[PDB]
Amino acid sequence: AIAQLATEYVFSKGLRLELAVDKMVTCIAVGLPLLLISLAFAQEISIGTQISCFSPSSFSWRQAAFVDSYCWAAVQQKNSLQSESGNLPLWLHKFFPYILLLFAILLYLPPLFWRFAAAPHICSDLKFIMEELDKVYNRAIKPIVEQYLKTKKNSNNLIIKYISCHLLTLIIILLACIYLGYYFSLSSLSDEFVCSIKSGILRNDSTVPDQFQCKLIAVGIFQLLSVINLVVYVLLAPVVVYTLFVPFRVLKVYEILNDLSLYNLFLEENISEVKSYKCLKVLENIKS
Amino acid sequence: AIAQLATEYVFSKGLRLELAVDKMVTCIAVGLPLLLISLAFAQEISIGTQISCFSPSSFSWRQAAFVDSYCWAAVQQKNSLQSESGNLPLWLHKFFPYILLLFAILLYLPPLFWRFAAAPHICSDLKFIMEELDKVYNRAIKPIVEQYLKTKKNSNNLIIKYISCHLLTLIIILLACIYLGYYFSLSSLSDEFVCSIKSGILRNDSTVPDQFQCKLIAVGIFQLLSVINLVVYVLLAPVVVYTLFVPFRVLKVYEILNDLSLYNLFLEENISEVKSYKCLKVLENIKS
Amino acid sequence: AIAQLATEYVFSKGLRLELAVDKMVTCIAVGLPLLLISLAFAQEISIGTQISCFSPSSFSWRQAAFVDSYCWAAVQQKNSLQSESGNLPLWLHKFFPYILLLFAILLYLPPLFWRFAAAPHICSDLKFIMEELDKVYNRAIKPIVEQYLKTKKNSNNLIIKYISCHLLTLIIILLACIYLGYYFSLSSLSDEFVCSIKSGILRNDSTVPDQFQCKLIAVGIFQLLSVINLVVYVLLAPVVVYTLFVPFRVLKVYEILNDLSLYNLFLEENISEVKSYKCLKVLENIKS
Amino acid sequence: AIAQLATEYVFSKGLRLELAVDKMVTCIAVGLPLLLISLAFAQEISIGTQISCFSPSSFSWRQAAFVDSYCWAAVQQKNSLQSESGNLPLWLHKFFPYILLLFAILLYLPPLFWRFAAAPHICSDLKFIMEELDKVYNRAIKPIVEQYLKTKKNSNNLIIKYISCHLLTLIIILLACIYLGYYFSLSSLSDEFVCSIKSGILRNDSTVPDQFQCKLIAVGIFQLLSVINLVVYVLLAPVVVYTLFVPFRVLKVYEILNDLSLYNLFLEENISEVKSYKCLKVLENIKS
Amino acid sequence: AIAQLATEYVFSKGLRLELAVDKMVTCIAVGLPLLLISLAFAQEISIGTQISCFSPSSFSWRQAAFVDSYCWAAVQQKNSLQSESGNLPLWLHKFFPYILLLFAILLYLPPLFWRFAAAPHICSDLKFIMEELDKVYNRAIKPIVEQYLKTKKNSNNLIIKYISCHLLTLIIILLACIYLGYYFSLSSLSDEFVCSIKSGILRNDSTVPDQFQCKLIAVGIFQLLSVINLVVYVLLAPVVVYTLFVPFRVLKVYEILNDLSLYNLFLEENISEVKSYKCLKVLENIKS
Amino acid sequence: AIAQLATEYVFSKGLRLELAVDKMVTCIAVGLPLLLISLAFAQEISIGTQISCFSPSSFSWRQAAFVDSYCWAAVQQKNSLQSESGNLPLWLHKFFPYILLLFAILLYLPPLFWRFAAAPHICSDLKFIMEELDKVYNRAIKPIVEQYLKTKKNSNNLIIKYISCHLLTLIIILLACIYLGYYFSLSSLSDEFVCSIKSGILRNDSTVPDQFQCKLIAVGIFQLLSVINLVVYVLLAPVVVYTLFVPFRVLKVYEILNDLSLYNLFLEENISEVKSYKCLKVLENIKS
Amino acid sequence: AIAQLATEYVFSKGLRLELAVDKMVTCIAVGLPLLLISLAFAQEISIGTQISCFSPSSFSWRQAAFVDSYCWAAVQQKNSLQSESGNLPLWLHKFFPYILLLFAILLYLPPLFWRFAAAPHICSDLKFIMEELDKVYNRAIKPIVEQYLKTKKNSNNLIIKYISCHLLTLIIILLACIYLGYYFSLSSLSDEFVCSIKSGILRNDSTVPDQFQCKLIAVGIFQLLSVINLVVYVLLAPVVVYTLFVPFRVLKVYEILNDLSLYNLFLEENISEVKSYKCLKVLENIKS
């Protein structure tokens, strides 16, 4: 049904530095294609078969079903049928779900790749940094970390990975958007094509008509889903490029009492789970 | 069935300050469309296909099924069929479930957005505040928090987010209500339309009649669900605007013994889980 | 089947003061409609379609199916069919499951509303009261709570909510019972109605007969379920009004060694989980 | 199938005093109707529809299906069909599953009622009694409970509830057994009845025959299930009346070293979970 | 399918004295009927309906289906059909699955009865015995249990229950084996029977032939399952009678350093979970 | 589908001495038949019914279906049909899945029998041995076990059970392999057989032809699965016989600082979970 | 559907040294065939049967279905049909899913074999090594491990197993890629073949035509899935050979303060879960 789709797609010492306020972007870019595919072939809208041939009155049920199946499997053979637009729109109308799944997988892969290998190292590094900071504060209440900060600043082995990971997703979004823009530009009449069953010995028989009629079914639904995906992706595109400006958008709090941008972001997002942080916030917020 | 819908839609150191007595509003505004969609296409009411063409007696099963499928997929093509009202009512009758799902998602998004990013900061802040208050009371039994309170009062970075989040939902409710008001105003006869299969080479044949008959099925159910949603939403609308008046509707309890409104609400809703609160309540309730 | 319904509907420091020996009433008033709806449309009784038109012999399968679907969707249009009783009984026979679900939701809502907001405050209050009582008894073994009791007695902010919550349910039961009384009073012949397919250009054709026959199917099952619900609700009605008399139906146990009614009930129902209660019961039961 | 029924019906500081060696009786009296209903409508035996009308050769598929549905829904109308036995056997053959479910619910209710309200009080009482006994024994190793025992003996507020609860079940068993005895006494030919479709304008037409034939299907299965339930219940009946004699069927163990019957039973069934009980058993078993 | 059957039937301070190396016998005697029933009506072998009537050419689909259903429900009526063997083989061919389920339940009941009531008492007794033995050994490292052993030897209230429980199962196995021996002895031609639809007013009509043909389908599968069950049960029978000789097949280990048979078995099977047992085993194994 | 088969068959103080690097052999010998059976009757390949009779043109749907069912159930009766090869190949083609399940159960039984009864004793023995060894090493850091080792060496009550258990599996593999070798040797034309419906009174009628045609369907799939199982089993056979040579393939590690083979294997496989083992390994690995 | 495939295939003191940054390769090489097989036979694309025969007009439904089934099961018999390409392409088109599952199993086996037997030994070895290193560092703060390192360097019993395990997978990938390259090279017309039903006595009849037409359906989908698998595997191939160069791609960190490659990799990947590692990293990162 539909209740089994929306309730599972969107209704369903560990730092949150992995997602970087980008988990929502991946979730909405990977679950939307799946949700649209599930609702397109649901038991409510996809009532009829995707293809329905118009066989003559002389034909029985079996011959008409054979014509239907043949014309369904003769879409790829250019020598069988003929259309003014060509076989590319028919190919797209036949293989839209598979390429939608391909785009879904292309979106899903890079975040999992980032989480699998590049997440544990920086996360353990940030636990180490926060533990050292807490120890320093406890000692002061009752300095070598700055050296680590400047050495990490001199490092260049992590920001490149982040920008590559968050540029691959933008490239995939651009490709999907331009593809859907091309797809929505179809004349919407290409589903009308003439199917001819005259292959092999069937040439001798004259009872079968030379050419048939065949219109694809459930084509407007594909167009509506495509335009919905197009508008969602064009709305979402600026978010990723806004994220890409990491160094252009905390650590300097205690005062007396380059890859550095990523570490700064991870440090400033982690203010919770430690009691001393909020106490210092209030103490040098009242003073300043 | 129906037992699998109602039992899962409504029958199915952590502060509750996230929901602010508004979790019920989101739940009833997001589960009702899903419940109605599930019951509309249940195995009890949606017995018949949404479309049933009346083919002549000469046609066999296959030709009639082809006519049915074509007219189902010819609703979008304005050049095929013709109706006095136009193709807009037919579009709505075809795509009602998808736009209902769209409204469901539009309701579901803002609460999750609020819970994902704006909830942890204020929640950790309130644990800090209550811990400081408990420490102050324990010290008194055996003052810097007021400075934090007035600094938070001078702040303006949280109330704006709350009012925007709870105004977006009101805007979406208004849009859904006006749309359903338009939809219920349909003449209920627009489902009667004339379908003609005369596209392409089928022009040569004269056996097929020029024009057919075609009435949509399961249309009154859509109207009843639409009016039910309309009445529910018009009843629910005042609740959100009542909530929006946060500063116009506790902290001053112990006595001797602007974003401030949100913090005041979160403080007054959190009186449980601490033993000293009820003891103070009784002590300066007997005295005052 | 049926095994999946009965086994899940009825076979499937925390005080129990929320339910107040009324959880059973809500459970039997909310699960019975669901159980009846599930068994009505089970794979054992709902074998046949709800509607079966009698088309002439000339018509083929497709024309008869079209007549069936049209007459199913022409029940709401008063200008199509005609019956002596009117279109109200037909409306009821078509929309019985939906209104049953509506009554189920109307029963389910008030208990959840009471549990969501009015339960935690009084429950935390009763833990506070019992903890204070236990501390007082421990001190005596090795008095300010009475002041709290009399102040709560002077309060009037909780009994009104309880009586309103347990009067709304009675009102809904009365409405459901009177509706089912009206429904069972149907002549049981209203399912016989004459359906005419003469809308639009089909006027020109003379092959179609002017008027058809159409009897609804699975109508007696609805009547039996309605009368079962009626008898269950009329039997259940006195229970709620008996509950409503809260102040007219413990705390005075230890002796030397108005909203007050609700607190008294919650106190007397909570005698378990504390060891001193039973010891005092036996000590001043032997003496008195 | 069948594997999903038997494996889930019978193969699937807390005292066990709630069940009193009667949990098996409730389980076998509540799961047997469900198991029989599930196996009756399984995908192995219930292959055919419950009703099969014999329409003439002139009728097509649709007219025969309409006759089938009408005669299925015309069983309740006494003016349509006619049988020598009457409409009561037909009513029973139509509504056997629903009344079986009704008997199942009538068996299920009283044990849950007993467990919900009358179980916690006596169970907490027995933990109190056993704790006091253990404390007394520990003190003796290194007497006020008898007063509690005699006061409970003078009480009369619990045995009445138990006997009423275990007499209601016997009454329901008697009613079910006598009903099944009546049902098995059917002539087994009442399923043969004459169905006439001559209601309304169909009177004018002469093509339809005046009277039809109609035999119910899957009727012997109902008779076999009914007789199986009858024999099971008549075998089970003496168990409940044997249980009812509670005072006529331990506490006097330690020696030097009326509702009383229920407490005595609960005490003697609880000898486990305490180490001193078995030690005393052996010590004054060797001596006596 | 089949993967859902085998993986769930056989692939799917607490002493193990309950099973007494007999859990396997109960498991294989209760899961085999269920497995065979599930595989008999699987979606691979039970492709065809159990009954297929041969109606004449004049009959349409509906009349043939009515004949099929009638002859399916006319097997019990001896006056309708006639066969040389009689109606007993037809009864068996119709009700084989139900009696197989009955045998499955008859096997399942006695082990659960033994585990429910007779298991906890002896199990708690054996924990008491092993704890006393461990305490005695600890005291010796740094005698009243023998009195308990001889008193239990003088007792006769447990061995009788065990032998009755393990003789009831043998009786049920004997009954099932002799029944399957009778069933496999069928001539395998009894499924050929002549069905006549001439009941009631249908006597007047002459179009229907006087007598029909009707052969049951999926009958050889039942015979193969019956013979498989027969061979399994005849192979399994000696195991139970071998078990019954409990006193004829440990405690005398430490040395210086009648119901008694059951306690001896339970003691000797429980050598694990205690460290001193294996140490004593090696110490007086080296010496003796 | 297929995703539900492969993901659940192969993708889905406790010593591992039970399996002895033979758990994989049992898993691949018990899950392969189940996987092959599941994929054979999947919703992708088993599209068509196993049997398809060629009835004449005069026959309608019902007579052809009756012929199909009869010939499906007339395979066992040798007097009905006739084939040059005989009824044995037809029996095998009909009952291949059941005998495959039988082989699966025959493989599954012996490992479970070994794990149920013979595993706990030796496993507890090995915990005792390793605990004694650890205690001896701790005492040495700050000898009676050798006596236990030689007494176990003199014992002969466990190796026989192991060799019998791992020879029964080899015997079953040999039987399955030779059976599949016979089955693959079928002429593959035995599925062509002549079916005659002339039993009983149908002899009088002359419309039915004397002999029919009937070819089994989904027979090549069975042959391919059989040859796959054959090659897998012939490849797997040497593994079991390699395992059987237990005494011909550790304990002598510490040095200064017959059933014995099984205990030696269990000891040498258990080097983990104890810290002293690896330390000794390195200490007398550097020295030797 | 499709939502049940992608969400479960890719969306769904313990060291991670088992996977060695190769878990992703196994996951994508084992889940892709399963995902493609599931989507190929989904309820959206696999609408039509794989085979559709074109029977003449004289044939009824049953004869056409028999022809369909026969030609489906006559693909293997070379003497029945005839095609210019041969029976090999038809064999491949019939058995593509089974060989895809075979390749999936061939990929799945080696990683599980490596994890089952070769993982625990080296993993326990690495816990021992890291514990010894931590103890050495703690002693230094308040050397025999190097001897273990050089002895392991002299060992040659583990690198061979790793290279064999990661070369078997490469061999299987090469075989799958070359097979798919052959399969995609099919002329795509081989699905056109002539089927003749003239086996056995059917030779006498002349009504059946000598030769038929038969085109396979859902063949282009197989080609697209094959080419997708081909491109994925050819892209993935260099990853495995890059991994194979283990010795050519840490331990030397503390300084004053051959199978060796695998141990070095496992050591350098395990820097987390120990506090001293990061502290040493910063200390001799600032100095060097």
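We number chain E the way Swiss-Prot does; in order, the residues shown are 2-13, 26-155, 194-300, 305-312, 326-356.
Heads up, header says this was done by electron microscopy, 3.9 Å.
Positions of Cβ are set from backbone N, Cα and C atoms, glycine also.
Taken straight from Swiss-Prot:
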type	residues	note
DISULFID	E:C66-E:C265	disulfide bond
DISULFID	E:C84-E:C246	disulfide bond
CARBOHYD	E:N255	N-linked glycosylation site
MOD_RES	E:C40	S-nitrosocysteine
MOD_RES	E:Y199	phosphotyrosine
MOD_RES	E:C347	S-nitrosocysteine
TOPO_DOM	E:62-106	topological domain 'Extracellular'
TOPO_DOM	E:239-266	topological domain 'Extracellular'
TRANSMEM	E:41-61	transmembrane segment
TRANSMEM	E:107-127	transmembrane segment
TRANSMEM	E:218-238	transmembrane segment
TRANSMEM	E:267-287	transmembrane segment
Ranking E:107-127, E:218-238, E:267-287 by Cβ pairs under 8 Å to the transmembrane segment (E:41-61) puts first E:267-287
Sequence-distant residues near the topological domain 'Extracellular' (E:239-266) by C-beta distance (under 8 Å, 6 or more away from its ends) are 64-69, 71, 80, 83-84, 87, 93-96, 98, 102-103, 106, 274
Relative to the Cβ position of E:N255 (N-linked glycosylation site), how many further Cβ atoms are located within 10 Å? 6
Surrounding residues of the transmembrane segment (E:107-127) on its own chain - C-beta under 8 Å, 6+ positions past either end: 31, 35, 39, 42-43, 46-47, 49-50, 53-54, 88-89, 212-213, 216, 219-220, 223-224, 227, 230, 234, 273, 277
Rounded to a whole number, what is the CA to CA span in angstrom between E:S13 and E:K26 on either side of 12 missing residues? 23
Using C-alpha positions only, work out which of the recorded positions E:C66, E:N255, E:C265, E:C347 is nearest to E:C40 (S-nitrosocysteine). E:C347
Out of E:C66, E:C265, E:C347, the recorded positions in the record, which is closest to E:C246 (disulfide bond) when you go by Cα distance? E:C265
Let me spell it out: take the topological domain 'Extracellular' (E:62-106), skip the flanking residues so only those 6+ beyond its ends count, and list any with a Cβ under 8 Å from a Cβ in it. 234, 237-238, 240-248, 250, 258, 260, 263-270, 273
As a quick check of your reading of DSSP, tell me how many residues in the topological domain 'Extracellular' (E:239-266) are helical, how many are strand and how many are coil. 4 helix, 5 strand, 19 coil
Among E:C66, E:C246, E:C265, E:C347, the one of these recorded positions whose Cβ has the fewest neighbouring Cβ atoms within 10 Å: E:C347
Excluding near sequence neighbours, so keeping only residues 6 or more apart in the same chain, what lies with its CB under 8 A of E:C84 (disulfide bond)? E:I64, E:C66, E:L94, E:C246, E:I248, E:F263, E:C265
What whole-number Å value do you get for the CA-CA distance of the residue listed as 'phosphotyrosine' and the residue listed as 'N-linked glycosylation site'? 86
DSSP helix, strand and coil counts for the topological domain 'Extracellular' (E:62-106)? 20 helix, 4 strand, 21 coil
Flanking Cα pair E:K155 / E:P194, between which 38 residues have no modelled coordinates, distance in Å: 15
Among the modified residues listed here (E:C40, E:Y199), identify the one with the smallest other-Cβ count within 10 Å. E:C40
Out of the recorded positions E:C40, E:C66, E:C84, E:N255, E:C265, E:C347, ones whose Cβ falls under 8 Å of a chain D Cβ are none
Looking only at C-alpha atoms, tell me how far the residue listed as 'N-linked glycosylation site' is from E:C347 (S-nitrosocysteine), rounded to the nearest Å. 93
In this deposited model, 13 residues are left out between E:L312 and E:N326; how far apart are their Cα atoms, in Å? 28
Gap of 4 residues, E:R300 to E:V305: Cα distance in Å, to the nearest whole number? 12
Filtered recorded positions (E:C40, E:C66, E:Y199, E:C246, E:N255, E:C265) by Cβ distance under 8 Å to chain F; hits in sequence order, or none, are E:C66
Secondary structure of the residue listed as 'phosphotyrosine' (DSSP, helix/strand/coil): helix
